[PDB]
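>>> generate a structure from the sequence data that follows.
(chains A, B, C, D, E, F, G and H, ligands or ions: 2)
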Amino acid sequence: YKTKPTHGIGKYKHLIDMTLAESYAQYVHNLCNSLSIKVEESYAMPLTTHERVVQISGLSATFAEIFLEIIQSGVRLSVXXXXXXXXXXXXXXXX
Amino acid sequence: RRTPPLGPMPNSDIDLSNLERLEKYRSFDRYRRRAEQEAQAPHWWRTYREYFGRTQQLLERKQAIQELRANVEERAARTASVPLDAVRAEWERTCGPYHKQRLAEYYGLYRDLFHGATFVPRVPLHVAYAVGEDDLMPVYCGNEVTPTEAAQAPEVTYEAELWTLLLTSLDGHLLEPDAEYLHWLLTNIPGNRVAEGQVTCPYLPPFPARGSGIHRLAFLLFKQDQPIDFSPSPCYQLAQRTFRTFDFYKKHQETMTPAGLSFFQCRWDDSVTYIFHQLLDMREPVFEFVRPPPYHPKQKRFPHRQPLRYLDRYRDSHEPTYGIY
Amino acid sequence: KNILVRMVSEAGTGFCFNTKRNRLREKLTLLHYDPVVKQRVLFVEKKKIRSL
Amino acid sequence: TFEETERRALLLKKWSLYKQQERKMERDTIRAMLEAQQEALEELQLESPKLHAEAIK
Amino acid sequence: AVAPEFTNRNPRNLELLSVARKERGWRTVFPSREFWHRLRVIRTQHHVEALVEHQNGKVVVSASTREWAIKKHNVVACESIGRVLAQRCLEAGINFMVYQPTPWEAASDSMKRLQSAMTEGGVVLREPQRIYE
Amino acid sequence: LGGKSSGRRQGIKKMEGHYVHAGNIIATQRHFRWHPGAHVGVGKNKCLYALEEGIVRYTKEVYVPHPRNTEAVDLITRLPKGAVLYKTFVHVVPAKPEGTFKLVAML
RNA sequence: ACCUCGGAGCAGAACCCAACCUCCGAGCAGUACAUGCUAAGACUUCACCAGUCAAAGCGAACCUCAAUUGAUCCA
RNA sequence: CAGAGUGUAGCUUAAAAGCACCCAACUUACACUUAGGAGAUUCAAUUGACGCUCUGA
Ligand SMILES: [Mg+2]
Ligand SMILES: [Mg+2]
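Residues are numbered from 1 along each chain as shown, chains lettered A, B, ... in the order given. Ligands and ions are numbered 1, 2, ... in the order given. Below is the structure in question.
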């Protein structure tokens, strides 16, 4: 009841090659999860070629750098633009 | 009028500044667990409970486990039923005593027999009632066995190197409650054998009245440091055998501590009648079970929107009455 | 869209019940309880009884 | 076949065992880096603040 | 001499008679609280507990690989535990249970195995009705 | 234009501490302003009723939805890792004991 | 222009509460075919009529939906 | 190489636990679930002696 000391006890609203590439993407996702970063989305973009994405948002420079290094440590990368090499992968950021 | 909460409100600490940083229970199981934990905790707002409610040994064990694993090598797992008897034995040896307490608590032996105050039955008591040749019907703590099977006194073992074995019904039959009926009383026993020890009160079978429910007999076993006197012939008089274990424990069992328990359920049977007639020498009491009558509101003069059944609810009874003609 | 129809039990004759069914589709057959027979029995559709 | 399956299970187990160690190692490495960073920031603070600020940017 | 109301005060009396009151409600909340005894299985990392509980919350009977007697000598482990419990149940005289798992839990093999073990032991997982009138 | 609907007369019909016989309706509502607790049922309207003779009591109890009911589960999942939902529950605390053993005869 | 029924505000916390006040909608669908029989005890749109809920029992298994409707006599 | 804090596997008003963690399957992937997996009181009689963290040289 409103006037009772147990007022808002129920209140809840306020609380609320290709294969290889895929594997790599998965790994990246896992890493992100581990390190506590928001993985927003992932795509399945179209000899043959195959692209995968891991959309990321919010990470400080030092931490970000570390993450990048870990990713670096095959196929390719593309996010300052930071490309590298060993089908295709493209971890687009939003820091 | 907005009153502040008496103690701390739930969900206060976890809301925080941001919601998107936290872990959230992606599962249900975690949530369930949390809920359970919360329930277990007390709170200030009434609430459910208000209204209703060695190292070496370890190392050895580890080694054994390792050995087992090696033996398996695992393949079997990739379907082994395991020996149960051995497990049971182990339990008896080690945490059986611990377990027994819980059962006792559930069954209200400590509250009724000892007036409160729990204790661990350390020494494992092993009783069994003989039924023909074999098998001996074992009195495991909690078991249902009939008074036909309990007509003659049982065989007892425990593997312990003095004792006093007792057996009492906790309900208090026939006469007023907070009373108990003893079935025998073995005393000043040396070691594992009953025949060597003395007997004051000899064995009756259980004698639960018909439709009285289920009764809970209890064997008791204590540790004797000092040998002691006790207190009445081969008697079947009921007014002698009425005795409560609490008072007895208090005014006498001072150089004594109980170490072994086993409780045993009883119902009506054809032997009960015999017991009542032959040795007790009286008419056996029959016990039904009567529920309280149906409610109904007060008799209303113009019932209004009830059916023609209104009048059948208030009537004594059924047959057609003819007033005066 | 929906028709009302009467359904006649084969066993436990005399007992008829009223049900819905779409106007476009099949004549209805249905298992259902007869309290006369005191068993489940097949009813068959017979005569529509208003349409709606 | 049975034998093959048995082999396979063992192999899988081995793989699992391997992976966890690697993961642990990675974690350790990360932790080390973090520690270094923590040290470094403190040092910067102690020494010259402008530089620290720049680093942070 | 005999009294009119002999008061048998065995806690489990009205359960075996199949007359004592089950808690009827909680039809929104899970699990349903209408049972004399409930088989609560609690799985974790390492060890798998199994319990027998009343409405009160008093754990009457249990079996776990933590209890170290059965740690001597996983689905198999679970099965073993269940078997042990069944034996325990028999000794206690709890031959009836209610088992209200989550759907996933129900589906799971370990749970099934446990159930089977219980059945073998001689403990039904349904429990008789209250008997009114 | 529009509708003018009559008052629905819903709400609590029996308050905490009232003696409520088996069958008495306790509280009527659309949606769950109260939930069924011990010995309290739910009709098709969500209306709460006493399943036994006894006294009504109200309590704020932790709420766990049924696994099969999806929306609630989702909500639960959404909440942060130390959160518990809580909800109000209505119980009947039974008075008269179901049974009394009486002496029929001496046979 | 409206005339029956329902949901939200006015009507902020047990019900109740108007206007040719402000705003949404309904006059159906879908799944069944034990939408079988009966029955303690309640609620009720401020009357009545209409509505609602419903333990147990006997029969059987192993309802969704807010509104979704209409008396009597007559056919 | 001299001192101080101590010293249950990642982590705990745990006492060999529970949380974390790993592999496979379902998953675009994550998540959930189901099967499996692996882990510890640093060591000698509350005292001493090996390991870290930290401060000196
Ligand atoms: Mg009225
Ligand atoms: Mg019913």
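>>> what's the burial count for the closest residue to residue C:21 other than its chain neighbours?
Counting by C-beta to C-beta, 6 or more residues apart in numbering or on different chains, residue C:21 lies nearest to residue C:28, which is 5.0 Å off, once chain neighbours are set aside. The C-beta positions use only the backbone N, C-alpha and C, and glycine is treated the same way. Using other C-beta atoms under 10 Å in any protein chain shown, residue C:28 has 16 other residues around it.
>>> and chain D, which residues reach chain A?
Neighbours of chain A within chain D, by C-beta under 8 Å from any C-beta of the partner chain: D:26, D:30, D:33, D:37, D:56, D:57.
>>> contact residues of chain E facing chain D?
Counting by C-beta under 8 Å from any C-beta, chain E has no residue next to chain D.
>>> hey, which helix is longest across chain E?
helix E:75-92 (DSSP state H).
>>> residues contacting the residue nearest in space to the middle of chain E?
Centroid-nearest residue in chain E, with C-alpha atoms, centre = their mean: residue E:39, separated by 3.2 Å. With contacts defined as C-beta atoms under 8 Å, 6 or more residues apart in numbering or on different chains, residue E:39 is in contact with E:50, E:51, E:52, E:85, E:97, E:98, E:99, E:118, E:125.
>>> dump those residues to a markdown table, plus distance to RNA strand H, secondary structure and neighbour count.
Output for those, formatted as a markdown table (distance: C-beta to the nearest atom of the strand, whole Å; DSSP: H, G, I helix; E, B strand; the rest coil; neighbours: other C-beta atoms under 10 Å in any protein chain shown):
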| residue | distance to RNA strand H | secondary structure | neighbour count |
| --- | --- | --- | --- |
| E:50 | 12 | strand | 24 |
| E:51 | 13 | strand | 17 |
| E:52 | 18 | strand | 22 |
| E:85 | 16 | helix | 28 |
| E:97 | 19 | coil | 23 |
| E:98 | 19 | strand | 19 |
| E:99 | 14 | coil | 20 |
| E:118 | 16 | helix | 21 |
| E:125 | 17 | coil | 14 |
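>>> check which helices and strands the longest helix of chain E sits against.
helix B:84-93, strand B:143-144, strand E:48-53, strand E:59-63, helix E:109-121 (3 or more C-beta pairs under 8 Å, 6 or more residues apart in numbering or on different chains; DSSP states H and E).
>>> ok, residue F:67 - contacts?
Taking C-beta under 8 Å, 6+ apart, one finds B:28, E:30, E:102, E:103, E:104, F:73 in contact with residue F:67.
>>> now the fifth one: closest residue in space that isn't a chain neighbour?
Just to be clear, that refers to residue E:104. Using C-beta to C-beta, 6+ apart, the nearest residue to residue E:104 is residue F:67, at 7.9 Å.
>>> quick one, phi psi at the one you found?
phi -60, psi -40 (degrees, to the nearest 10).
>>> gap between it and residue C:43?
Using C-beta to C-beta, to the nearest Å, we find residue F:67 at a distance of 38 Å from residue C:43.
>>> all strands of chain F, in order?
F:11-12, F:19-20, F:25-28, F:35-36, F:40-42, F:48-50, F:54-61, F:87-94, F:103-106 (DSSP state E).
>>> can you tell me which of those is most buried?
Highest mean neighbour count of these: strand F:48-50, a mean of 26 (counted as mean count of other C-beta atoms under 10 Å in any protein chain shown).
>>> remind me, longest helix of chain D?
helix D:2-47.
>>> and that helix, does that touch chain E?
No - judged by C-beta under 8 Å from any C-beta, helix D:2-47 stays clear of chain E, getting no closer than 13.9 Å.
>>> and the next helix or strand after that helix, what's buried?
Counting by DSSP states H and E, the next helix or strand C-terminal to helix D:2-47 is helix D:49-56. For helix D:49-56, the neighbour count (16 or more other C-beta atoms under 10 Å in any protein chain shown) marks residue D:52 as buried.
>>> chain center to helix D:49-56, what's the gap?
Its chain's C-alpha centre and that of helix D:49-56 lie 26 Å apart, by C-alpha atoms, centre = their mean, to the nearest Å.
>>> okay, the angle between it and helix D:2-47?
150 degrees (axes from the mean of the first three to the mean of the last three C-alpha atoms, to 10 degrees).
>>> looking at chain D, what residue ends up closest to RNA strand G?
Proximity of chain D to RNA strand G (C-beta to the nearest atom of the strand) peaks at residue D:5, 35.0 Å away.
>>> that residue: how many residues sit nearby?
Residue D:5 has 10 nearby residues by other C-beta under 10 Å.
>>> check residue E:1 too.
Other residues within reach of residue E:1, judged by other C-beta under 10 Å, total 8.
>>> against residue B:238, how distant is the spatially closest residue to it that is not a sequence neighbour?
Excluding the flanking residues, the one nearest residue E:1 by C-beta to C-beta, 6+ apart is residue B:175, at 6.7 Å. As judged by C-beta to C-beta, residue B:175 and residue B:238 stand 8 Å apart.
>>> ok, residue B:145 next?
Taken as C-beta to C-beta, the span from residue B:145 to residue B:238 is 23 Å.
>>> neighbour-wise, which of those two wins?
residue B:145 (22 against 16).
>>> next, work out how far apart the most centrally placed residue in chain F and residue B:63 are.
By C-alpha atoms, centre = their mean, chain F has its centre lying nearest to residue F:36, at 2.1 Å. Distance from residue F:36 to residue B:63, counting by C-beta to C-beta: 55 Å.
>>> do residue D:25 as well
29 Å.
>>> now the residue nearest to the centre of chain F: how far from RNA strand G?
From residue F:36 over to RNA strand G the distance is 11 Å, taken as C-beta to the nearest atom of the strand, to the nearest Å.
>>> cool, and residue E:3?
Residue E:3 is 29 Å from RNA strand G, where distance means C-beta to the nearest atom of the strand.
>>> how about the strands of chain A, start to end?
A:38-39, A:44-45, A:51-52, A:56-57, A:76-77, A:84-85.
>>> quick one: closest of these to residue C:48.
strand A:44-45 (54.1 Å; C-beta to C-beta).
>>> is RNA strand H within reach of that closest one?
Yes - applying C-beta under 7 Å from any atom of the strand, one finds strand A:44-45 in contact with RNA strand H at residue A:44.
>>> hmm, what's the outermost residue in chain E?
Quick read of chain E (C-alpha atoms, centre = their mean): farthest out is residue E:1, 40.6 Å.
>>> how about the nearest residue to residue B:257, chain neighbours excluded?
Excluding its sequence neighbours, the residue lying closest to residue B:257 (C-beta to C-beta, 6+ apart) is residue B:223, at 5.2 Å.
>>> now the helix or strand where that neighbour lies, how far from the chain's geometric center?
Assigned by DSSP H and E, residue B:223 belongs to strand B:215-224. Its chain's average C-alpha position is 13 Å from that of strand B:215-224, according to C-alpha atoms, centre = their mean.
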